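Source file: work-v5.cif. Holds: mmCIF, C-alpha atoms and all ligand atoms.
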data_input
loop_
_atom_site.label_atom_id
_atom_site.label_comp_id
_atom_site.auth_asym_id
_atom_site.auth_seq_id
_atom_site.Cartn_x
_atom_site.Cartn_y
_atom_site.Cartn_z
CA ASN S 1 -31.50 -73.15 -55.26
CA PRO S 2 -32.38 -76.86 -55.34
CA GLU S 3 -31.78 -77.32 -51.60
CA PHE S 4 -34.19 -74.59 -50.47
CA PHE S 5 -37.07 -76.96 -51.24
CA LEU S 6 -35.84 -79.95 -49.22
CA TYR S 7 -36.38 -78.04 -45.98
CA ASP S 8 -39.89 -77.12 -47.14
CA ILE S 9 -40.62 -80.86 -47.19
CA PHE S 10 -39.67 -81.25 -43.53
CA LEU S 11 -41.39 -77.98 -42.61
CA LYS S 12 -44.98 -79.28 -42.55
CA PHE S 13 -43.91 -82.24 -40.42
CA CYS S 14 -42.32 -79.77 -38.00
CA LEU S 15 -45.30 -77.41 -37.85
CA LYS S 16 -47.78 -80.21 -37.24
CA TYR S 17 -45.93 -82.57 -34.89
CA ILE S 18 -42.96 -80.80 -33.26
CA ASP S 19 -42.75 -78.24 -30.48
CA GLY S 20 -41.98 -74.76 -31.76
CA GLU S 21 -38.91 -74.12 -29.62
CA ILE S 22 -37.59 -77.59 -30.43
CA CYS S 23 -37.85 -76.61 -34.10
CA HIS S 24 -36.22 -73.28 -33.24
CA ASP S 25 -33.32 -74.96 -31.43
CA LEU S 26 -32.99 -77.40 -34.34
CA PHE S 27 -32.91 -74.51 -36.82
CA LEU S 28 -30.07 -72.96 -34.83
CA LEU S 29 -28.23 -76.29 -34.78
CA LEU S 30 -28.26 -76.61 -38.58
CA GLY S 31 -26.91 -73.08 -38.91
CA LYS S 32 -24.25 -73.71 -36.28
CA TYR S 33 -22.86 -76.39 -38.62
CA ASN S 34 -23.46 -74.51 -41.90
CA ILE S 35 -25.96 -77.01 -43.32
CA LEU S 36 -28.51 -74.41 -44.43
CA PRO S 37 -29.01 -73.46 -48.10
CA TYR S 38 -27.34 -70.42 -49.63
CA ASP S 39 -28.52 -67.51 -51.79
CA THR S 40 -25.41 -66.15 -53.51
CA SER S 41 -27.24 -64.07 -56.12
CA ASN S 42 -26.62 -60.37 -56.56
CA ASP S 43 -29.40 -58.27 -55.05
CA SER S 44 -31.40 -55.75 -57.04
CA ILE S 45 -29.58 -52.41 -56.91
CA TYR S 46 -33.05 -50.85 -57.12
CA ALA S 47 -33.88 -52.28 -53.67
CA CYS S 48 -30.66 -51.42 -51.83
CA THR S 49 -31.77 -49.22 -48.93
CA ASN S 50 -30.09 -47.24 -46.16
CA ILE S 51 -30.71 -45.84 -42.69
CA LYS S 52 -28.48 -42.74 -42.53
CA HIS S 53 -24.93 -44.02 -43.22
CA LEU S 54 -26.02 -47.64 -42.60
CA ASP S 55 -26.27 -49.09 -46.12
CA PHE S 56 -28.41 -52.23 -46.47
CA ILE S 57 -27.89 -54.22 -49.66
CA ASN S 58 -31.58 -55.17 -49.49
CA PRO S 59 -34.43 -54.16 -47.20
CA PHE S 60 -34.89 -57.49 -45.40
CA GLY S 61 -33.23 -58.78 -42.25
CA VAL S 62 -34.13 -61.20 -39.47
CA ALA S 63 -35.87 -59.79 -36.41
CA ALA S 64 -34.59 -59.99 -32.84
CA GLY S 65 -35.41 -62.97 -30.65
CA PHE S 66 -34.41 -65.47 -33.33
CA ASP S 67 -30.64 -65.80 -32.76
CA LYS S 68 -30.65 -64.45 -29.21
CA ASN S 69 -26.97 -65.39 -28.78
CA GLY S 70 -25.20 -65.01 -32.14
CA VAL S 71 -24.45 -68.73 -32.40
CA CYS S 72 -26.08 -68.86 -35.82
CA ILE S 73 -25.14 -65.61 -37.57
CA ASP S 74 -23.23 -66.83 -40.63
CA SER S 75 -25.80 -69.35 -41.85
CA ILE S 76 -28.90 -67.20 -41.34
CA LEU S 77 -27.37 -64.21 -43.13
CA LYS S 78 -26.25 -66.53 -45.93
CA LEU S 79 -29.89 -67.52 -46.57
CA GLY S 80 -30.34 -64.17 -48.32
CA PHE S 81 -30.88 -61.53 -45.64
CA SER S 82 -29.13 -58.17 -45.76
CA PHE S 83 -28.82 -57.86 -41.96
CA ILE S 84 -29.71 -59.49 -38.66
CA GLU S 85 -30.71 -58.15 -35.24
CA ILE S 86 -29.44 -60.50 -32.53
CA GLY S 87 -30.73 -60.53 -28.96
CA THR S 88 -32.35 -59.24 -27.06
CA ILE S 89 -29.41 -59.65 -24.69
CA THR S 90 -28.93 -58.88 -21.00
CA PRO S 91 -25.69 -58.50 -19.00
CA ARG S 92 -25.96 -61.90 -17.32
CA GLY S 93 -27.49 -65.05 -18.72
CA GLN S 94 -31.08 -66.01 -17.99
CA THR S 95 -33.11 -69.18 -18.44
CA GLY S 96 -36.34 -67.25 -19.04
CA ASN S 97 -39.83 -68.30 -18.04
CA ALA S 98 -40.82 -71.95 -17.78
CA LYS S 99 -41.33 -74.15 -20.84
CA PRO S 100 -43.36 -74.76 -22.92
CA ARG S 101 -43.37 -71.01 -23.70
CA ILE S 102 -43.86 -70.87 -27.50
CA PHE S 103 -47.02 -71.96 -29.33
CA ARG S 104 -47.79 -71.76 -33.05
CA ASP S 105 -51.25 -71.66 -34.64
CA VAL S 106 -50.71 -72.73 -38.25
CA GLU S 107 -54.23 -71.85 -39.38
CA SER S 108 -54.01 -68.16 -38.47
CA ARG S 109 -50.25 -67.87 -39.16
CA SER S 110 -49.79 -66.60 -35.61
CA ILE S 111 -47.38 -67.17 -32.72
CA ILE S 112 -47.50 -66.56 -28.98
CA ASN S 113 -44.38 -66.55 -26.82
CA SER S 114 -43.60 -66.10 -23.13
CA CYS S 115 -39.85 -66.59 -23.53
CA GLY S 116 -38.69 -63.75 -21.35
CA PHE S 117 -35.07 -62.79 -21.94
CA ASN S 118 -33.37 -66.18 -22.07
CA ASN S 119 -29.83 -65.65 -23.35
CA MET S 120 -26.27 -66.80 -22.71
CA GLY S 121 -25.33 -63.41 -21.25
CA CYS S 122 -23.63 -60.33 -22.67
CA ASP S 123 -20.06 -61.53 -22.16
CA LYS S 124 -20.34 -64.94 -23.82
CA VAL S 125 -22.52 -63.56 -26.62
CA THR S 126 -19.83 -60.94 -27.25
CA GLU S 127 -17.26 -63.68 -27.81
CA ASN S 128 -19.62 -65.35 -30.28
CA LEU S 129 -19.85 -62.07 -32.19
CA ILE S 130 -16.06 -61.63 -32.16
CA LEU S 131 -15.75 -65.08 -33.75
CA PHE S 132 -18.25 -63.98 -36.40
CA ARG S 133 -16.53 -60.69 -37.23
CA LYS S 134 -13.24 -62.56 -37.69
CA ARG S 135 -14.97 -64.96 -40.09
CA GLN S 136 -16.69 -62.03 -41.83
CA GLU S 137 -13.33 -60.46 -42.73
CA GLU S 138 -12.44 -63.81 -44.35
CA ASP S 139 -15.71 -64.61 -46.19
CA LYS S 140 -16.92 -62.62 -49.19
CA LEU S 141 -20.57 -63.65 -48.75
CA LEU S 142 -20.51 -61.68 -45.47
CA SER S 143 -18.32 -58.72 -46.41
CA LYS S 144 -21.22 -56.29 -46.91
CA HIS S 145 -23.72 -57.75 -44.42
CA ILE S 146 -24.72 -55.90 -41.26
CA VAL S 147 -25.31 -57.15 -37.72
CA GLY S 148 -27.25 -55.14 -35.15
CA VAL S 149 -27.69 -56.02 -31.49
CA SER S 150 -30.93 -55.67 -29.52
CA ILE S 151 -30.24 -54.95 -25.85
CA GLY S 152 -32.45 -55.12 -22.77
CA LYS S 153 -32.47 -55.81 -19.04
CA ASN S 154 -32.55 -58.81 -16.75
CA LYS S 155 -35.82 -59.38 -14.91
CA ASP S 156 -34.12 -58.53 -11.60
CA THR S 157 -32.36 -55.45 -13.00
CA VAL S 158 -33.24 -52.44 -10.86
CA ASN S 159 -32.12 -49.63 -13.20
CA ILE S 160 -32.43 -50.34 -16.92
CA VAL S 161 -29.70 -47.81 -17.70
CA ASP S 162 -27.12 -49.78 -15.72
CA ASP S 163 -27.73 -52.79 -17.97
CA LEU S 164 -27.61 -50.60 -21.08
CA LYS S 165 -24.18 -49.34 -20.01
CA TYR S 166 -22.59 -52.75 -19.44
CA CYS S 167 -23.69 -54.18 -22.79
CA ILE S 168 -22.82 -51.05 -24.78
CA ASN S 169 -19.43 -50.83 -23.08
CA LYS S 170 -18.83 -54.55 -23.73
CA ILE S 171 -20.17 -55.14 -27.26
CA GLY S 172 -20.62 -51.67 -28.74
CA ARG S 173 -17.39 -51.69 -30.73
CA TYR S 174 -18.41 -54.89 -32.56
CA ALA S 175 -22.00 -53.89 -33.40
CA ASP S 176 -23.31 -51.98 -36.40
CA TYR S 177 -26.31 -50.60 -34.51
CA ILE S 178 -28.04 -50.94 -31.14
CA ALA S 179 -31.77 -51.60 -30.79
CA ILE S 180 -33.37 -50.35 -27.56
CA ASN S 181 -35.87 -52.96 -26.35
CA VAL S 182 -38.27 -51.22 -23.96
CA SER S 183 -41.26 -53.05 -25.42
CA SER S 184 -41.20 -56.78 -24.61
CA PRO S 185 -44.60 -57.71 -23.10
CA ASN S 186 -43.23 -60.81 -21.33
CA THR S 187 -40.99 -58.93 -18.86
CA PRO S 188 -42.87 -57.39 -15.91
CA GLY S 189 -43.03 -53.61 -15.86
CA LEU S 190 -40.72 -53.40 -18.88
CA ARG S 191 -43.25 -51.47 -20.99
CA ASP S 192 -43.48 -48.85 -18.23
CA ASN S 193 -39.99 -47.78 -19.37
CA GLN S 194 -41.56 -46.22 -22.48
CA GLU S 195 -42.80 -43.29 -20.39
CA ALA S 196 -41.41 -40.19 -22.06
CA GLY S 197 -39.19 -39.05 -19.20
CA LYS S 198 -37.19 -42.24 -18.72
CA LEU S 199 -37.17 -43.23 -22.40
CA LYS S 200 -35.63 -39.82 -23.06
CA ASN S 201 -33.01 -40.57 -20.41
CA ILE S 202 -32.68 -44.07 -21.87
CA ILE S 203 -31.99 -42.79 -25.38
CA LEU S 204 -29.56 -40.08 -24.28
CA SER S 205 -27.64 -42.59 -22.17
CA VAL S 206 -27.45 -45.12 -25.01
CA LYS S 207 -26.21 -42.44 -27.40
CA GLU S 208 -23.78 -41.17 -24.76
CA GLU S 209 -22.40 -44.60 -23.87
CA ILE S 210 -21.85 -45.37 -27.56
CA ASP S 211 -20.27 -41.94 -28.01
CA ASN S 212 -17.89 -42.53 -25.10
CA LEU S 213 -16.17 -45.59 -26.59
CA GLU S 214 -14.49 -43.50 -29.30
CA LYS S 215 -12.66 -41.10 -26.99
CA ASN S 216 -10.24 -43.32 -25.05
CA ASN S 217 -8.38 -45.34 -27.65
CA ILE S 218 -4.91 -45.12 -29.12
CA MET S 219 -5.96 -46.99 -32.27
CA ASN S 220 -7.66 -45.13 -35.09
CA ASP S 221 -11.36 -45.62 -35.80
CA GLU S 222 -10.68 -48.30 -38.42
CA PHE S 223 -9.31 -50.73 -35.82
CA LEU S 224 -11.66 -49.57 -33.05
CA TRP S 225 -14.87 -50.78 -34.72
CA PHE S 226 -14.48 -54.48 -35.52
CA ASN S 227 -17.84 -54.42 -37.28
CA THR S 228 -19.03 -53.97 -40.87
CA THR S 229 -19.30 -50.18 -41.04
CA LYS S 230 -16.09 -49.30 -39.17
CA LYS S 231 -18.33 -46.62 -37.67
CA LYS S 232 -20.22 -45.89 -34.47
CA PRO S 233 -23.30 -48.13 -34.07
CA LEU S 234 -26.54 -46.32 -34.78
CA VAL S 235 -29.25 -46.31 -32.11
CA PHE S 236 -32.75 -47.60 -32.81
CA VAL S 237 -35.68 -47.87 -30.39
CA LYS S 238 -38.07 -50.83 -30.30
CA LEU S 239 -41.69 -49.88 -29.62
CA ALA S 240 -44.73 -51.85 -28.46
CA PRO S 241 -48.11 -51.54 -30.21
CA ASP S 242 -50.16 -51.59 -26.97
CA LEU S 243 -49.98 -47.86 -26.28
CA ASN S 244 -52.37 -44.94 -26.54
CA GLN S 245 -51.54 -42.08 -28.88
CA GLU S 246 -50.78 -39.68 -26.02
CA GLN S 247 -47.88 -41.97 -25.11
CA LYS S 248 -46.87 -42.22 -28.78
CA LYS S 249 -46.72 -38.47 -29.40
CA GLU S 250 -44.75 -38.02 -26.17
CA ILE S 251 -42.23 -40.59 -27.41
CA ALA S 252 -42.17 -39.01 -30.87
CA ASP S 253 -41.48 -35.58 -29.40
CA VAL S 254 -38.70 -37.11 -27.30
CA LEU S 255 -36.86 -39.13 -29.94
CA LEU S 256 -36.77 -36.06 -32.20
CA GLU S 257 -35.28 -33.89 -29.44
CA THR S 258 -32.71 -36.52 -28.41
CA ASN S 259 -31.69 -37.31 -32.02
CA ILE S 260 -32.37 -41.04 -32.13
CA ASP S 261 -30.92 -42.70 -35.22
CA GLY S 262 -34.05 -44.75 -35.87
CA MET S 263 -37.03 -46.58 -34.45
CA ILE S 264 -38.04 -50.21 -34.96
CA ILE S 265 -41.83 -50.28 -35.39
CA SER S 266 -43.25 -52.46 -34.07
CA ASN S 267 -43.28 -55.36 -31.56
CA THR S 268 -45.65 -58.06 -30.29
CA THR S 269 -49.03 -57.34 -28.67
CA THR S 270 -51.05 -58.60 -25.72
CA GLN S 271 -54.38 -57.16 -26.92
CA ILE S 272 -55.21 -59.77 -29.57
CA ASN S 273 -58.10 -61.94 -28.36
CA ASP S 274 -59.19 -63.50 -31.68
CA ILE S 275 -57.09 -66.69 -31.51
CA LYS S 276 -58.88 -69.70 -30.04
CA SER S 277 -55.82 -71.93 -29.61
CA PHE S 278 -53.96 -69.41 -27.42
CA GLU S 279 -56.71 -69.04 -24.81
CA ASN S 280 -55.41 -68.72 -21.24
CA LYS S 281 -51.80 -68.59 -22.51
CA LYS S 282 -49.53 -65.74 -21.44
CA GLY S 283 -47.16 -63.80 -23.66
CA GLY S 284 -47.04 -61.58 -26.71
CA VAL S 285 -48.34 -62.66 -30.11
CA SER S 286 -46.52 -62.39 -33.43
CA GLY S 287 -47.38 -63.08 -37.05
CA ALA S 288 -50.17 -62.34 -39.48
CA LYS S 289 -52.63 -61.14 -36.84
CA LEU S 290 -50.16 -58.30 -36.13
CA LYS S 291 -49.50 -57.28 -39.74
CA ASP S 292 -52.29 -54.72 -40.10
CA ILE S 293 -51.96 -53.37 -36.56
CA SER S 294 -48.23 -52.69 -36.94
CA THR S 295 -48.46 -50.99 -40.33
CA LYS S 296 -50.84 -48.42 -38.88
CA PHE S 297 -48.50 -47.80 -35.94
CA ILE S 298 -45.76 -47.05 -38.48
CA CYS S 299 -48.00 -44.47 -40.15
CA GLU S 300 -48.74 -42.87 -36.78
CA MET S 301 -45.12 -42.70 -35.61
CA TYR S 302 -43.93 -41.90 -39.13
CA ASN S 303 -46.27 -38.91 -38.99
CA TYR S 304 -45.68 -38.13 -35.31
CA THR S 305 -41.95 -37.91 -36.14
CA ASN S 306 -42.61 -35.67 -39.18
CA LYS S 307 -40.57 -38.16 -41.24
CA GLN S 308 -37.39 -37.04 -39.45
CA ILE S 309 -36.59 -40.41 -37.83
CA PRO S 310 -36.17 -43.55 -40.00
CA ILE S 311 -38.27 -46.64 -39.31
CA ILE S 312 -37.53 -50.37 -39.25
CA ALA S 313 -40.68 -52.33 -40.07
CA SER S 314 -41.35 -55.46 -38.00
CA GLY S 315 -44.65 -57.29 -37.65
CA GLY S 316 -46.64 -59.61 -39.88
CA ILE S 317 -44.50 -59.41 -43.02
CA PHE S 318 -45.06 -62.45 -45.27
CA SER S 319 -45.39 -61.16 -48.83
CA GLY S 320 -43.68 -58.56 -50.97
CA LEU S 321 -46.82 -56.43 -50.86
CA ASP S 322 -46.97 -56.78 -47.07
CA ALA S 323 -43.52 -55.20 -47.04
CA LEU S 324 -44.42 -52.54 -49.60
CA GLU S 325 -47.49 -51.54 -47.58
CA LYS S 326 -45.10 -50.95 -44.69
CA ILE S 327 -42.52 -49.32 -46.98
CA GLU S 328 -45.12 -46.97 -48.46
CA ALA S 329 -46.19 -46.25 -44.87
CA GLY S 330 -42.70 -44.93 -44.08
CA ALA S 331 -40.45 -47.89 -43.30
CA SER S 332 -36.95 -47.98 -44.76
CA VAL S 333 -36.26 -51.64 -43.89
CA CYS S 334 -38.22 -54.72 -42.86
CA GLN S 335 -37.60 -57.58 -40.44
CA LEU S 336 -39.18 -61.03 -40.68
CA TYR S 337 -39.82 -63.64 -37.99
CA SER S 338 -43.07 -65.59 -38.36
CA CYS S 339 -42.40 -65.75 -42.10
CA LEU S 340 -39.33 -67.91 -41.50
CA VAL S 341 -41.44 -69.96 -39.09
CA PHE S 342 -44.14 -70.80 -41.64
CA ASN S 343 -42.23 -70.54 -44.94
CA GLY S 344 -38.75 -71.80 -44.01
CA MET S 345 -35.70 -71.40 -46.20
CA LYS S 346 -37.51 -69.82 -49.17
CA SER S 347 -38.47 -66.85 -46.98
CA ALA S 348 -35.79 -64.48 -48.28
CA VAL S 349 -35.79 -65.68 -51.90
CA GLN S 350 -39.59 -65.45 -51.94
CA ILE S 351 -40.07 -62.01 -50.38
CA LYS S 352 -37.22 -60.52 -52.42
CA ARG S 353 -38.56 -61.87 -55.72
CA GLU S 354 -42.08 -60.72 -54.83
CA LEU S 355 -40.97 -57.21 -53.87
CA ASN S 356 -38.83 -56.65 -56.97
CA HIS S 357 -41.71 -57.66 -59.25
CA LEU S 358 -44.11 -55.30 -57.47
CA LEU S 359 -41.69 -52.35 -57.58
CA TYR S 360 -41.39 -52.96 -61.33
CA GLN S 361 -45.15 -53.13 -61.84
CA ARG S 362 -46.10 -50.16 -59.66
CA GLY S 363 -43.81 -47.84 -61.64
CA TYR S 364 -41.01 -47.04 -59.19
CA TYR S 365 -37.41 -46.27 -60.08
CA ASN S 366 -36.05 -47.57 -56.76
CA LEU S 367 -37.23 -48.46 -53.27
CA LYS S 368 -36.53 -45.02 -51.78
CA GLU S 369 -39.11 -43.53 -54.17
CA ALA S 370 -41.74 -45.70 -52.45
CA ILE S 371 -40.95 -44.47 -48.93
CA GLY S 372 -44.07 -42.73 -47.68
CA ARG S 373 -45.68 -42.50 -51.13
CA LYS S 374 -49.02 -43.35 -49.49
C1 LIG K 401 -40.29 -66.51 -29.71
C2 LIG K 401 -40.15 -65.03 -29.92
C3 LIG K 401 -39.10 -64.37 -29.31
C4 LIG K 401 -38.93 -63.00 -29.48
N1 LIG K 401 -37.88 -62.37 -28.86
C5 LIG K 401 -37.70 -61.01 -29.03
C6 LIG K 401 -36.64 -60.37 -28.41
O1 LIG K 401 -35.87 -61.02 -27.71
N2 LIG K 401 -36.47 -59.01 -28.57
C7 LIG K 401 -37.35 -58.30 -29.36
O2 LIG K 401 -37.19 -57.09 -29.50
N3 LIG K 401 -38.40 -58.93 -29.98
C8 LIG K 401 -38.58 -60.29 -29.82
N4 LIG K 401 -39.64 -60.93 -30.44
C9 LIG K 401 -40.58 -60.13 -31.29
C10 LIG K 401 -40.16 -60.26 -32.75
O3 LIG K 401 -38.83 -59.82 -32.89
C11 LIG K 401 -41.06 -59.43 -33.67
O4 LIG K 401 -41.07 -58.09 -33.23
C12 LIG K 401 -42.48 -59.99 -33.68
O5 LIG K 401 -42.42 -61.40 -33.63
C13 LIG K 401 -43.24 -59.59 -34.93
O6 LIG K 401 -42.64 -60.22 -36.04
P1 LIG K 401 -43.54 -61.04 -37.10
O7 LIG K 401 -44.94 -60.48 -37.12
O8 LIG K 401 -42.92 -60.95 -38.47
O9 LIG K 401 -43.58 -62.48 -36.66
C14 LIG K 401 -39.82 -62.28 -30.28
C15 LIG K 401 -40.87 -62.94 -30.89
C16 LIG K 401 -41.04 -64.31 -30.73
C17 LIG K 401 -42.20 -64.98 -31.41
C1 LIG K 402 -37.43 -71.29 -37.34
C2 LIG K 402 -38.60 -71.71 -36.42
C3 LIG K 402 -38.73 -71.04 -35.08
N1 LIG K 402 -39.81 -71.40 -34.18
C4 LIG K 402 -39.92 -70.73 -32.89
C5 LIG K 402 -39.35 -69.46 -32.24
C6 LIG K 402 -40.79 -69.48 -32.73
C7 LIG K 402 -40.79 -72.42 -34.59
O1 LIG K 402 -41.67 -72.71 -33.86
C8 LIG K 402 -40.66 -73.13 -35.99
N2 LIG K 402 -41.41 -74.09 -36.60
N3 LIG K 402 -40.84 -74.34 -37.84
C9 LIG K 402 -41.34 -75.32 -38.82
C10 LIG K 402 -39.76 -73.58 -38.01
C11 LIG K 402 -38.86 -73.56 -39.27
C12 LIG K 402 -38.11 -74.90 -39.51
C13 LIG K 402 -37.39 -75.50 -38.49
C14 LIG K 402 -36.73 -76.70 -38.79
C15 LIG K 402 -36.82 -77.23 -40.07
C16 LIG K 402 -36.10 -78.54 -40.41
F1 LIG K 402 -34.75 -78.34 -40.32
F2 LIG K 402 -36.49 -79.52 -39.54
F3 LIG K 402 -36.42 -78.91 -41.69
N4 LIG K 402 -37.52 -76.61 -41.02
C17 LIG K 402 -38.16 -75.48 -40.78
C18 LIG K 402 -39.62 -72.78 -36.85
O1 LIG K 403 -39.83 -58.14 -27.32
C1 LIG K 403 -40.25 -59.25 -27.06
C2 LIG K 403 -39.59 -60.25 -26.26
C3 LIG K 403 -40.18 -61.45 -26.06
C4 LIG K 403 -39.58 -62.59 -25.24
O2 LIG K 403 -40.30 -62.99 -24.31
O3 LIG K 403 -38.46 -62.98 -25.59
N1 LIG K 403 -41.39 -61.73 -26.61
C5 LIG K 403 -42.10 -60.87 -27.38
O4 LIG K 403 -43.19 -61.14 -27.86
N2 LIG K 403 -41.48 -59.66 -27.57
#
Here is a file; write its structure as structure tokens.
Ligand SMILES: Cc1cc2nc3c(=O)[nH]c(=O)nc-3n(C[C@H](O)[C@H](O)[C@H](O)COP(=O)(O)O)c2cc1C
Ligand SMILES: Cc1cn(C2CC2)c(=O)c2nn(C)c(Cc3ccc(C(F)(F)F)nc3)c12
Ligand SMILES: O=c1cc(C(O)O)[nH]c(=O)[nH]1
Amino acid sequence: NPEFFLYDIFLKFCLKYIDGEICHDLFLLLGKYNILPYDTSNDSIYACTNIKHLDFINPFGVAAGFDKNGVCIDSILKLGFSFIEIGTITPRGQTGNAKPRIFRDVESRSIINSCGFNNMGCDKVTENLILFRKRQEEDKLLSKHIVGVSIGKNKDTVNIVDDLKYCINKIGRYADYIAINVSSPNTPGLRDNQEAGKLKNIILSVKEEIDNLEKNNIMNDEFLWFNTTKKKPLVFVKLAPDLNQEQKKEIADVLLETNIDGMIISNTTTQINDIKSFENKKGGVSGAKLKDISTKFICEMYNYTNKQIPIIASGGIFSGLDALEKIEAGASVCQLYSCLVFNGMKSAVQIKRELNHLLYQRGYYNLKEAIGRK
């Protein structure tokens, strides 16, 4: 598309001279007004992937934390992504930690963020998603695209489950899947919720709350779910990389026994100390410096779960091979974040071209044949 490249011109200017979040807000503004490029091409039927009954037309979506409020869904999905994970959201709106709270290092293709959970709140974000679903039923470029919702807790929330209830009971019928965020490093004591006992209780409650919306309705299931699948939203868990294996195997044993629908592996880390520009700066780091670390976590959990729980790759994906390495490790789908930051509009068209070519060269009939081939 000719107009993909114009935004690559501005991109270097932005990376070198403009504050990251200002660029991020700008990005969202362009999408709000549908001034982003489009990728209307048919996707390779050899790359169409699925997570249980959730059928992704291609294995690439946009990770959570990008459109934390669903004010930019149409445009981002129209860039060429098969799905998007909005959020993470909390019941009430938050302003997050103080700015500046996002810092890019172009040289290492790395990011550090101390955003917290700044969002417009569950209620208002739900209205934004309703607007989208009503446009989706009227736009053919969106008819097959999927929208998941990452959910979390407010800093002052006492019981995480209470916040999981409100959001599920408010937005569950419009979402295609729920992502359980118990892994953000920028919320105090949030990663202590990954202890097996409570995470078990967390998963069961999420599944239960989603299961409870179906019972009390007079309308059939078709008109209950105003989403893409017309089906109950699947439940995925978001995991942090900064854990020991004892914690990982505990989690793995739990999510098998509680029948989680999936697990997003992985999230940002606080243990990276090989970035000079981020010294004395709080938050979790994203990008290339997390690529290798995450892929190994996938292998671990993919093995700790005996391949019985699907995975959603997330961390350091920039190239088609980067994705394949994570696909061959056990991931069914991949999410990108830093890639959009450093590559811009050509992110989807680049990583989809690259992956198709590699699948062809490596001798694979389809993507599923590559799952766990390592
Ligand atoms: C500014 C920023 C905000 C983020 N917000 C969230 C979030 O709200 N919820 C979440 O689960 N992950 C969040 N993340 C983590 C990303 O979704 C992703 O897991 C991580 O950046 C790794 O992706 P990457 O290596 O491709 O950049 C955020 C990351 C950044 C940099
Ligand atoms: C998308 C994005 C997000 N974030 C933060 C959350 C981490 C950044 O820091 C970003 N920096 N850049 C360069 C981008 C992409 C971008 C923005 C605007 C424009 C143009 F419209 F001006 F051309 N082009 C490209 C960033
Ligand atoms: O999961 C998350 C959430 C955030 C955030 O502060 O919004 N930051 C991260 O690095 N990971």
Spatial sel., origin (-18.3, -61.5, -46.0), limit 10 Å, all atoms listed in the file, listed as a list in words: residues 74, 77, 78, 132, 133, 134, 135, 136, 137, 138, 139, 140, 141, 142, 143, 144, 145, 146 and 228 of chain S
Write out as CSV a residue-level contact list of chain S versus ligand LIG 402 (chain K) with cut-off 9 Å: for each qualifying residue the closest pair of atoms and the distance in Å to one decimal, counting all atoms listed in the file, rows sorted by chain and residue number upward.
residue,atom,partner,partner_atom,distance
S:6,CA,K:LIG402,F3,7.6
S:7,CA,K:LIG402,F3,4.4
S:8,CA,K:LIG402,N4,6.6
S:9,CA,K:LIG402,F3,7.2
S:10,CA,K:LIG402,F3,4.4
S:11,CA,K:LIG402,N4,4.4
S:12,CA,K:LIG402,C9,6.5
S:13,CA,K:LIG402,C9,7.6
S:14,CA,K:LIG402,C9,4.6
S:15,CA,K:LIG402,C9,4.6
S:16,CA,K:LIG402,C9,8.2
S:18,CA,K:LIG402,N2,7.7
S:19,CA,K:LIG402,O1,6.6
S:20,CA,K:LIG402,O1,3.0
S:21,CA,K:LIG402,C4,4.8
S:22,CA,K:LIG402,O1,7.2
S:23,CA,K:LIG402,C13,4.6
S:24,CA,K:LIG402,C3,3.8
S:25,CA,K:LIG402,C3,7.6
S:26,CA,K:LIG402,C14,5.9
S:27,CA,K:LIG402,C14,4.8
S:28,CA,K:LIG402,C1,8.0
S:29,CA,K:LIG402,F1,8.8
S:30,CA,K:LIG402,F1,6.9
S:36,CA,K:LIG402,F1,8.4
S:65,CA,K:LIG402,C5,7.8
S:66,CA,K:LIG402,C5,6.4
S:102,CA,K:LIG402,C6,6.2
S:103,CA,K:LIG402,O1,7.1
S:104,CA,K:LIG402,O1,6.2
S:111,CA,K:LIG402,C6,7.0
S:112,CA,K:LIG402,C6,8.2
S:113,CA,K:LIG402,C6,7.5
S:337,CA,K:LIG402,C6,7.9
S:338,CA,K:LIG402,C6,7.2
S:339,CA,K:LIG402,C1,8.8
S:340,CA,K:LIG402,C1,5.7
S:341,CA,K:LIG402,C18,4.0
S:342,CA,K:LIG402,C9,6.0
S:343,CA,K:LIG402,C11,7.3
S:344,CA,K:LIG402,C17,4.9
S:345,CA,K:LIG402,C17,7.2
Spatial neighbours of stretch 205-213 of chain S, max dist 10 Å, all atoms listed in the file, sep filter under 2 positions, as a ChimeraX atom specification: /S:161-162,164-173,177-180,199-203,215-217,224-225,232-236,258-261
Surroundings of ligand LIG 401 (chain K) up to 6 Å, based on all atoms listed in the file, as an MDAnalysis selection string: chainID S and resid 63:65 87:88 111 113 181 267:268 286:287 290 314:317 336:338
Selected residue of minimal separation from residue S:71 among S:131, S:348, S:190, S:47, counting only C-alpha atoms: S:131
Residues at most 6 Å from ligand LIG 403 (chain K), using all atoms listed in the file? Could they come as a short mmCIF file (atom, residue, chain, number, x, y, z; two decimals) with C-alpha atoms, keeping the file's coordinate frame?
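Saved file selection33.cif follows:
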data_model
loop_
_atom_site.label_atom_id
_atom_site.label_comp_id
_atom_site.auth_asym_id
_atom_site.auth_seq_id
_atom_site.Cartn_x
_atom_site.Cartn_y
_atom_site.Cartn_z
CA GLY S 65 -35.41 -62.97 -30.65
CA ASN S 113 -44.38 -66.55 -26.82
CA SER S 114 -43.60 -66.10 -23.13
CA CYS S 115 -39.85 -66.59 -23.53
CA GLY S 116 -38.69 -63.75 -21.35
CA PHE S 117 -35.07 -62.79 -21.94
CA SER S 183 -41.26 -53.05 -25.42
CA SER S 184 -41.20 -56.78 -24.61
CA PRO S 185 -44.60 -57.71 -23.10
CA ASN S 186 -43.23 -60.81 -21.33
CA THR S 268 -45.65 -58.06 -30.29
CA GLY S 284 -47.04 -61.58 -26.71
CA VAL S 285 -48.34 -62.66 -30.11
#
